[PDB]
Amino acid sequence: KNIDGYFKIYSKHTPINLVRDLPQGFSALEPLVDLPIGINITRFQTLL
Amino acid sequence: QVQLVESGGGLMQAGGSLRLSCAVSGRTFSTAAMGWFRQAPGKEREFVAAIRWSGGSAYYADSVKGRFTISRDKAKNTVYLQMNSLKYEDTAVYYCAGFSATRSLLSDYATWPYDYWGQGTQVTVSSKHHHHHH
Amino acid sequence: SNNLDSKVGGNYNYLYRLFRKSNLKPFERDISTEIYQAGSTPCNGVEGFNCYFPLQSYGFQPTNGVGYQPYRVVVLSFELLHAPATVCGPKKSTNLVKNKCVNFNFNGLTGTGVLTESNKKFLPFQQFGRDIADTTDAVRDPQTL
Ligand SMILES: *[C@@H]1O[C@H](CO)[C@@H](O)[C@H](O)[C@H]1NC(C)=O
């Protein structure tokens with residue numbers, strides 16, 4: 195999320211046993227990074 | 001340390017064409033403007049044309065509108081005056097100007113005192129009217 | 438800054454925006470040079486009637502009125518993020534005392550209390566806890582984690 199030009203990144207790694215879709219359940223994402231960029235973002239893409 | 005140097009002046013018959021050039025060294029006139037002025041011998045300096053450096057919009061004195069064209073090449077840091085449909089009365093010393101002032105309104109460059117000028121280049125228009133009567 | 442930003446004949450290097458389609462948002466920066474459409478006729482980047490350049494120069498001469506003389510301005514904004522405070526004052530730090538009523542200051546967070554070894558489990562990012570009363574109930578020492 196990008197708020198007031200601060201790019202906040204939260205994440206969580208979990209073990210799973212499923213090939214179909216998102217596991218049902220509940221888990222919280224702890225913050226990892228806060229970048230003071232001030233960069234306007236409206237689009238993104240993934241890299242594999 | 002900036003310099004305006006004109007070239008392209010000369011003798012032409014009425015109805016013909018001349019292109020003046022003014023080469024700028026030392027600086028750019030980014031958001032501001034360049035101009036052309038002329039002075040006929042014993043006559044007061046006259047505004048001819050102005051161009052905004054960034055956008056290339058032009059402003060012309062009524063006496064030249066539709067006959068003269070002002071253009072500029074940013075890469076060569078040169079302004080040009082294309083003098084079409086030359087008339088006896090266009091005879092004058094022509095000098096390029098720089099304005100360090102960015103004015104919001106292009107028309108202000110008709111009256112604004114310039115901070116930079118080149119040497120001048122003489123334009124002489126020949127006629128078949130024989131104006132100089134003794 | 439009359440001594441620096443003004444010169445004989447007028448310094449026009451300093452500009453201001455004279456027209457805009459709307460007011461700026463706080464700490465918004467507009468550097469666009471788009472021709473301002475004052476009227477109903479599209480300008481298409483061409484100046485003329487109701488088509489004006491949005492910027493204009495300042496007339497800074499040494500002889501100008503103090504009102505019209507150049508002034509250099511610095512605006513300091515102070516920011517407290519979801520992050521440690523890294524900009525601190527020159528105020529010297531002191532030794533830490535436990536199990537006593539003390540006047541404590543952690544990174545400007547002031548209070549009075551008894552500081553004790555906690556059994557709380559702060560996350561690597563968590564700086565200070567709070568009570569139901571929105572009062573500080575536990576801290577992380579800035580010098581010792
Ligand atoms: C500075 O703080 C760090 C906390 O990671 C600590 O390990 C280190 O001993 C401190 N050094 C001094 C000079 O106080």
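Chains as they are written, first to last, in the deposited numbering: chain B, 195 to 242; chain D, 1 to 134; chain C, 438 to 582.
Ideal placement from N, C-alpha and C gives every residue a C-beta, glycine not left out.
9 Å Cβ cutoff, residue i in contact with chain C
i                      : result
residue 206 of chain B : no
residue 31 of chain D  : yes
residue 106 of chain D : yes
residue 228 of chain B : yes
residue 28 of chain D  : no
residue 115 of chain D : yes
residue 55 of chain D  : yes
Residue i: CB within 8 Å of a non-hydrogen atom of ligand 1
i                      : result
residue 581 of chain C : yes
Rounded straight-line distance, which links the Cα of residue j to that of residue i
i                      : j                      : result
residue 80 of chain D  : residue 20 of chain D  : 6 Å
residue 557 of chain C : residue 238 of chain B : 39 Å
residue 204 of chain B : residue 223 of chain B : 6 Å
residue 525 of chain C : residue 465 of chain C : 27 Å
residue 552 of chain C : residue 536 of chain C : 6 Å
residue 126 of chain D : residue 11 of chain D  : 7 Å
residue 533 of chain C : residue 520 of chain C : 23 Å
residue 475 of chain C : residue 90 of chain D  : 36 Å
residue 511 of chain C : residue 94 of chain D  : 45 Å
residue 117 of chain D : residue 9 of chain D   : 16 Å
residue 232 of chain B : residue 197 of chain B : 9 Å
residue 561 of chain C : residue 571 of chain C : 21 Å
residue 16 of chain D  : residue 124 of chain D : 11 Å
residue 24 of chain D  : residue 226 of chain B : 54 Å
Within-9 Å CB hit, residue i to chain D
i                      : result
residue 461 of chain C : no
residue 508 of chain C : no
residue 501 of chain C : no
residue 406 of chain C : Shown here, chain C extends from 438 to 582; a query on residue 406 of chain C therefore has no answer.
Proximity winner among the options, relative to residue i (alpha-carbon distances)
i                      : options                       : result
residue 195 of chain B : B:229, B:213, B:240 and B:242 : B:229
residue 32 of chain D  : D:114, D:124 and D:120        : D:114
residue 98 of chain D  : D:26, D:132, D:82 and D:124   : D:26
residue 392 of chain C : C:576, C:554, C:571 and C:569 : Residue 392 of chain C lies beyond the residue range present for chain C, which begins at 438 and ends at 582; the question has no answer from this structure.
residue 53 of chain D  : D:71, D:42 and D:2            : D:71
residue 574 of chain C : C:549, C:502 and C:467        : C:549
residue 458 of chain C : C:447, C:450, C:470 and C:449 : C:470
residue 50 of chain D  : D:43, D:37 and D:42           : D:37
residue 43 of chain D  : D:119, D:92 and D:57          : D:92
residue 40 of chain D  : D:130, D:121, D:128 and D:101 : D:121
residue 500 of chain C : C:439, C:568, C:570 and C:572 : C:439
residue 83 of chain D  : D:111, D:65, D:23 and D:119   : D:65
Taking 8 Å as the threshold, find out whether the region 103-115 of chain D comes into contact with the region 485-501 of chain C through three or more Cβ pairs. yes
Inter-stretch contact (C-beta, 8 Å, three-pair minimum) for the region 453-468 of chain C and the region 492-504 of chain C: yes
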